[PDB]
Amino acid sequence: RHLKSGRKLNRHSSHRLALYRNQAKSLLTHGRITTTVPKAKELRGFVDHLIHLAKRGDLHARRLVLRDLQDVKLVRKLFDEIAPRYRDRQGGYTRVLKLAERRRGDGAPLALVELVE
Amino acid sequence: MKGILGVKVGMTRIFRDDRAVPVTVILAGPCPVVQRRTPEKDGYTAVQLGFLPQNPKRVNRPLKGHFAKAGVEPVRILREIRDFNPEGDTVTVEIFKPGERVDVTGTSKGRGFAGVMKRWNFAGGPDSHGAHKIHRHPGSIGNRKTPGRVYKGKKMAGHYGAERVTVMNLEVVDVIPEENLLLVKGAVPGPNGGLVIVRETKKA
Amino acid sequence: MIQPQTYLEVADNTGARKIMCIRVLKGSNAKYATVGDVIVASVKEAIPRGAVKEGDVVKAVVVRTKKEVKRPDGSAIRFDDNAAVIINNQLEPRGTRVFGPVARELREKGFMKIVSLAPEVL
Amino acid sequence: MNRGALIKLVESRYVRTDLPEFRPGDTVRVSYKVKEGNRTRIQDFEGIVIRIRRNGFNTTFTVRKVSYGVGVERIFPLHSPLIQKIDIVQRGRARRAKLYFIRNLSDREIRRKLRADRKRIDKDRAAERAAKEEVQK
Amino acid sequence: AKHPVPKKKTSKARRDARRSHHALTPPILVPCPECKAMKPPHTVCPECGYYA
RNA sequence: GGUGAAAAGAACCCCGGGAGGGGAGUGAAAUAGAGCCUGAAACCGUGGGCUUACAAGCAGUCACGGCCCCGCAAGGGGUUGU
RNA sequence: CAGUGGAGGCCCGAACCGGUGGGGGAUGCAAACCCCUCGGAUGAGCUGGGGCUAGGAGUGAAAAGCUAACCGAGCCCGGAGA
RNA sequence: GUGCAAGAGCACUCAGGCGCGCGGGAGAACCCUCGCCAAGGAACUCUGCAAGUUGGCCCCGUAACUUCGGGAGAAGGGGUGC
RNA sequence: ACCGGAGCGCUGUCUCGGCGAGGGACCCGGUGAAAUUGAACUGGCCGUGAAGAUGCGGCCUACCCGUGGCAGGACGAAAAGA
RNA sequence: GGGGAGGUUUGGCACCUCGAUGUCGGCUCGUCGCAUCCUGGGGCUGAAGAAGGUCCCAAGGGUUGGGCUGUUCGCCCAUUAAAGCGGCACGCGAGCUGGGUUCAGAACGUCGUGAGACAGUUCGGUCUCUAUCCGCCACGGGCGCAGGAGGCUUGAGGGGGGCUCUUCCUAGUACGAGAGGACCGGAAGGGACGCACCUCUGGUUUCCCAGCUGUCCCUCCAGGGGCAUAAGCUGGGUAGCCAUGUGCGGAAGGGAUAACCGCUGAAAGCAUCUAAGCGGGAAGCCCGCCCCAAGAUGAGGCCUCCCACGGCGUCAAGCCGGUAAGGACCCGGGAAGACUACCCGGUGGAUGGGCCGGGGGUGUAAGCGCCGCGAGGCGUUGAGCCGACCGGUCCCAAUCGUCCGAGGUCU
């Protein structure tokens, strides 16, 4: 019997690892994102790390966040806009509002991933 | 028939004189005698201990009359030690001198819908030379025509864990009145943060 | 943890230089053995004109092992090899000068000469 | 109740202090309490530390030597009332937490894989003999 | 086809019997403050929105 | 193989992207609406009456009772509890 | 003897040709498959194209194998409603 | 195209072309495929079936027997990177 | 890639199993088969009967309806016994 | 020489089954029988003691690992308290194997001119993904339990468990010429199996940390990412799940007994364990232990909370909207789990996510500076990285709300 631990996912190791990244990239571009409750709830955590990481400055943190996302120009958008707006706010750099419309032809539940303002 | 409730905080080990005593930790934070049972009007004897304080928010239930009847701060849980009548107050850990042996019940780790190999330490099959569709299979279950049924309770694949269990004759190793903790011998069912009753032992 | 088939050494000037286990004397059907436990075993090699010959079905006590014993004091101990000293049925060690580390356990099991003679009971 | 951990540290009073620091990869001996019949010893166990695994209480290092031709590995809880001394005997540059590998080349191959942290030694001879002057005069 | 197969056509009464809990429980909804419209509980839905 | 006496093969409106229906209209007949005369049985459904959750079965059948139903009345049917 | 020399139903190993062992597959992806391993791999090699040989007949490094997915005698029609 | 003694090998990758025409989640047993393992090391079992060890190159070195070709990659062992 | 005996190496073959990964299984949405099927309102035992009974007899236990699993029975399916 | 019993053996008869009832042996899973292999209890003895022989009681439990063999069997080896026997379609192929055997190839001895044949041998040879019903192991939904609720319980009735070795004291005492060597009671260890546990030991730990090759890539150096498996590879690993690892249990004791040992005592002036009465006596039976359990339709009990009609039905049970206790919905989640159920929690909130501290794991990041032609090395450094575990923090997320649910029959 499994799960006595704590975590979720569907996909293999290196897929899901990319998944979170191809979501981060979108999240950190469109600001609002609308996938499935699970992915969403997972995106949640992931980016929160980076954001909180970008709330720090030194070039090391940058390279460390630049390790997930890849566009060196996106990371600029992070340390040159986002995080600066998250000072005086410790943690909770995201929000996951669940929409009430499912996808047609797989009855998938949906939601939102918002950079909290 | 002494008896006190608690939880399973966690377990490590100590050193008695110079030998190592692997201990587990139980918690008998003062327990309120909530109701008793006189054969006079119950059919037997037993004292129901309550446990773990509680804001009168989830207590909104009619249990509040029940506590207010027994002048008892509104707890969260309560069960019956058999024939354990102390005195008009409440039971600490002062009940168990260090050294005394205790019987310890508790609910086991739920191991989901487990396999035969797991449930009943069955044998299943050979990882090897044939079949490769039975390696954790039960095997045969019955006989040919006669009987033609299967024995009620033939060890098969089901749920393993989440059942009431007791473990007995345990050496209470130390008792911490100062902060209500109970040292035992280590092997005690249930996970951490787990509810468990403890009572004097069956030795004589 | 030595079990029936396992290759032990010979912590002594007995004659054998390597024996396989044959049966664990312990219970009527114990799974294994450990330092201080006895086993019937077979000699799979021996120095020429040794007191013991090859093929000799011997009784040997374990001195060392590759699976750590647990000391009631929470400690442990494990050697780099499974070893044995061969013994006259009275459980008296057959070699003269034994050699090779051994386990404190033996001292509680009637086997003085093994550890008396032994260099370093550890 | 809010402190599932601090409850066992309430137990924690069976914990030592005087014992020196000794990260894994340096030769250290440890005088050990044993029973030779009905008396008590101080068995000098001197060897290289092969693995420390931590847990506040019940945390164990494991030493390793080569007693008379053959090699051994005793275990030692870091808080066992059965350890009189524990004079380390030479710091060592380790470069890895659990050094099991030394099993298959304990010899004149080891003497080139664990030189010595000429770094921690500095601290020692300094702190030691320098704390003396603050305890003497 | 292979090994296990039905030994008997399933009596309609037993088929319609196995259906017992087929029925689907209609979606749970509640009016919302924003509009007089219907929403599922804990869901952001059109003709409305929210607050931050 | 089959509408119909005749295409008179359903204008227009309505919902619907369509399919498809609802009114209006044609026709003696549209439950003759187009694979459409007749429309059987299996089989699938919706509403109603009776009936079932301590009960053991080739399912029917005697016997009585309750309920529901046509009938002045006596009676007849449907169901089925024992 | 050394050098050169570059023979071989020689050697390792792709393509290609096989199908040994095991696992899967068994209303299969498949009326013969999938994976791991394995055999030959300049020869009695493999293969495209154009051609000839067939029913008691052919072909056959021989199993009674093959001859249009069941060959101790093909398939279709026919005597035949044996 | 680059790297490995070489290569149509392998790994990654050009130009090019695809993600295999059901998706969503949950992370029970059980099956497949797969990775690891304490101590033992064929006790398994009809059988080391399977799996595992070994592997490339260069070097040292190589038994019986022999048709004097072979046995030979016998066996065992060292080196490899920067 | 014949069949047999043993020895070294090495191993989940085994003692003895454990944990982990992925594809199914499982839950939701779309799609939606199959052999089989006298009819079923299909329990246990000891009998009994064409001699191996849910269906006869006596006795016993059984509230109705299912979902995931096991494969003992329905002399289960399959093929008018090789 | 006689009489049986059983229905495990070899047969006999040919009754069901040839529009199919898959045969040997093993693995798995067993269950039952007693005619008992062991352990417990007895009678006798050609029983000193110890040991053993035989009969009796007794299934509760246990009944080993290998060598050979297709084997069942048996032989052997090392043990053991013992290494029991049989039933169950020679239990078990819709559970597995396929060595054996009964296919087509092939050969050997062999009979046969022969084609072929052989309870003679030898090599090889295709065991079918999908369970309707019963039975079974698990989990639910509906209804029930004559007010409706929340919580705690009684245990009818079931199940589980049940084993057993060695050693020291009593004592080297009774015993015996000695060797040998006890009853009895007492004490400490061990095997195997069971249950639970993760503290230690020890495994996994799938992207927790680092190391490495090749490659392509961002961005040229440093720094990094993809891929090499669905982890590229190697070293290492908390939580969790785990066994080799840790704790526990098999009892004690009460009662009724088996064989058996006995008190009193006739029938029958004695005697008799018996026909009246009574007592002692097994690991077995009944409690005891653990778990299941009021669908215990015979539906229990205990404490506490809510409490008339608000409208149609005159008479009758009913019927309708709102309500009380409270329950449910939904959402957030759990060492709960397939689903469902179960459990905590839901802004009065720490419920996950985040953030921080601690734990723990990796083992001195990046950058910069110093040294070396250089690969590197040294420091700043136990640094940087840092899932699960232990706590805190309302930053994000369980906001708002809907439905349901008493009106309490009769004697």
Completion exercise
In debye to the nearest 20, the charge dipole size for region C:1-77, taken about the Cα centre with +1 at each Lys and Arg Cβ and -1 at each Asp and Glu Cβ, equals 140 debye
Practice task
Only residues of region B:86-104 count here: report those whose backbone N is under 18 Å from the spot 7 Å along Cα→Cβ of D:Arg13, or say none.
Solution key: B:93-94, B:97-99
Practice task
Filter the cross-link list B:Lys97/B:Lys202; B:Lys97/B:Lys185; A:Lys98/E:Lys36; A:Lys8/A:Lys39; D:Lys35/D:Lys85; C:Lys53/C:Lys109 down to pairs whose alpha-carbon distance in this structure exceeds 18 Å.
Solution key: A:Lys98/E:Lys36; C:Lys53/C:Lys109
Exercise for the section: Please report the Cα spread of region C:1-115 along all three principal axes, rounded to whole Å, starting with the longest. Expected result: 44, 30, 27
Completion exercise
Plugging the Cβ-Cβ distance of B:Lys145 and D:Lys113 into 1/(1 + (r/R0)^6) at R0 = 60 Å yields, to the nearest 0.05, a FRET efficiency of 0.25
Handout entry: Whole-angstrom gap from region D:17-35 to region A:34-77, using each part's C-alpha centre
Key = 45 Å
Completion exercise
Between the modelled labels at C:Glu108 and B:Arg136 (7 Å from Cα along Cα→Cβ) the distance in nm is 3.9 nm
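Remind me, what semi-axes does the protein assembly as shown give for its equivalent ellipsoid, largest first in whole Å, using sqrt of 5 times each Cα gyration tensor eigenvalue? Write out the running numbers ahead of the final one.
Working: eigenvalues 602, 311, 244 Å².
Each semi-axis is the square root of five times an eigenvalue, giving 55, 39, 35 Å.
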Problem - Cα-based Rg / Dmax (Å) for region D:1-116 - result: 16.1, 55
Problem - Alpha-carbon gyration tensor eigenvalues x 5, square-rooted, for region B:130-204, Å - result: 44, 17, 11
Handout entry: Sites A:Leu74 and E:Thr25 - FRET efficiency at Förster radius 41 Å, r taken between beta-carbons, to 0.05
Key = 0.35
Handout entry: For B:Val21, net neighbour charge (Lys/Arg +1, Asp/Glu -1) across residues whose Cβ lies under 12 Å away
Key = -2
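Run lengths n ≥ 4 of DSSP H only: what is the helix-derived mean residue ellipticity at 222 nm for chain A, with -39500 (n - 2.57) per run over all residues, to the nearest 500? List each step's numbers first, then the result.
Details: 4 runs with 49 residues, N = 117.
My calculation for chain A gives -13000 deg cm²/dmol from helical runs alone.
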Practice task
Could you work out how far the C-alpha centroid of region D:38-83 sits from that of region C:49-75, in angstrom?
Solution key: 22 Å
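Can you give the alpha-carbon Rg of chain E over 2.2 N^0.38 Å, where N counts its residues? Walk me through the numbers on the way to the answer.
Values: Rg = 22.6 Å, N = 52, 2.2 N^0.38 = 9.9 Å.
Cα Rg divided by the expected 2.2 N^0.38 Å: 2.29.
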Exercise for the section: Return the FRET efficiency for the residue pair B:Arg58, E:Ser11: r is the Cβ-Cβ distance, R0 is 41 Å, and the value is rounded to the nearest 0.05. Expected result: 0.25
Exercise for the section: Grab the alpha carbons of region D:97-137, take their convex hull, and tell me the volume per residue in Å³. Expected result: 99 Å³
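Using only the Cα atoms of region D:62-137, construct the convex hull and provide its projected area averaged over every direction, in square nanometres to one decimal. Provide the component values of the computation, followed by the final result.
Working: hull surface 29.4 nm².
That works out to 7.4 nm², a quarter of the Cα hull's surface.
When we count neighbours, we look across all protein chains shown, and the Cβ atoms used for this are built from the backbone with ideal geometry, even at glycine. Read-outs: derived from the displayed coordinates by stated rules, not from any lab.
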